[PDB]
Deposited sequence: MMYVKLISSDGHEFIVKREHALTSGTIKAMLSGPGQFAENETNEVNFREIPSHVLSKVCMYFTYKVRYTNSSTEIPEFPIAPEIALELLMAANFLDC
């Protein structure tokens, strides 16, 4: 029901398996996953995106913008490339 993702700095994020499978890499690789290059401040945003994508899939109303700060945009893009998101 729940999967646990470990950040490079040791932070642990527990998310619903359905949300986690949004990432092709996670689905292919999987009750726990570990990343050696994704920092916590990026993995938290990735989990936020999992929730946001699951909520607003096939929505009939306007989908609100996903907030990405310029500081993490580069690392977030790299992480999204590593995953399949």
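What the model leaves out of the deposited chain are the segments 1, 32 to 42.
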